[PDB]
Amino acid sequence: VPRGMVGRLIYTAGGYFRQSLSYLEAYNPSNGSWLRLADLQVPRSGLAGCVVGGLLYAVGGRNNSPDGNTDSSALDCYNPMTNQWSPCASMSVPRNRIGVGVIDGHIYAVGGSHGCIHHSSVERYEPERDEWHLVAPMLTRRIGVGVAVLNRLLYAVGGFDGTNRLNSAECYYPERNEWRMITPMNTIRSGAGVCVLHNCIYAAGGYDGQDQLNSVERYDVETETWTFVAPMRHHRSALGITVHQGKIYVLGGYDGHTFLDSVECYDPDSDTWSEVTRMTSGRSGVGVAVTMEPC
């Protein structure tokens, strides 16, 4: 369903065009409209977004601006009921080009960079305590990593370890606090959009070291294989991604020439992408999540 009373919107927070952005905007698939909402307190690109208990969280990132460039350890929370951002406890370390996933109401922050450091560390946020705690680190240092959750397991996909862009991927098993490699993708991808739909982890787009990608592949956890699906209409890296009522939406990114405003929607029943709207301005490195309409 789409309940609150209210529908669910696709929120895009932050991003990058010439400098890091503070925009918070919300798209409504049911009518095509965009709403501009309360700016982030600090501009940030390379952040991740997620939702827990109806609240939107913005995690990590970096503020690229002429004043200077500052990697972010911030966790900030947006309440659609109040149109207000509130600071939460900060992470143990700044994490630019972070990946995030939610299990059992807990936020996992994965990887990312801090200056020339590439993290394998992972930490977990408990909103009921407003506390972060480190957990087992990944087997691999990963920035520009895509993260998704399927069947209460956390997956970290692709990225960049400081020297090589990665096709590798790994899975975190919470009850054993353990990471294990899974089958690698068929394509090297950093800055891909990663999400979950039905029983598959999707990895769309990204950068393979030479080109921005339009190819899309998905990992069936039952068969442990990756297979390509229809490619997106636009090549893009540093895209935002989310799932809304059974379809995948990809937002913006960089195609090697333009910071895209294109939003594309994947229908898995027909294996086709369509353009569904344009963001109000081209940008990359956004955080995206889905929650109730604001007030």
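From 1 onward, residues are counted along the sequence shown. Take the two forms, superpose them, and find the largest set of C-alpha atoms that agree within 1.5 Å; that set is the rigid core.
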Between 64 to 72 and 235 to 243, larger RMS Cα displacement in 8 other deposited structures of this protein after core fit: 64 to 72
What number of deposited residues lacks coordinates in the span between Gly4 and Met5: none, 1 to 3, 4 to 9, or 10 or more? 1 to 3
Please compare 232 to 240 with 64 to 72 and name the stretch with the higher mean C-alpha B-factor in the deposited structure. 64 to 72
Of 167 to 175 and 122 to 130, the one with larger mean CA B-factor: 122 to 130
Per the deposited entry, the peak Cα B-factor within the set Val52, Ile248, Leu37, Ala58 goes to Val52
Selection by C-alpha B-factor (highest) of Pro137, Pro80, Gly205, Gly144: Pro80
So where's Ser274 on the chain's Cα temperature factor ranking, which third? highest
Modelled-residue ranking by C-alpha temperature factor, third containing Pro184: middle
Consider only the C-alpha atoms of the modelled residues in this chain, order them by B-factor as the entry records it, and name the third containing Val288: lowest, middle or highest. middle
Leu21 - Cα temperature factor, lowest/middle/highest third of chain: middle
Of the three thirds of Cα B-factor ranks in this chain, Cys265 occupies the middle
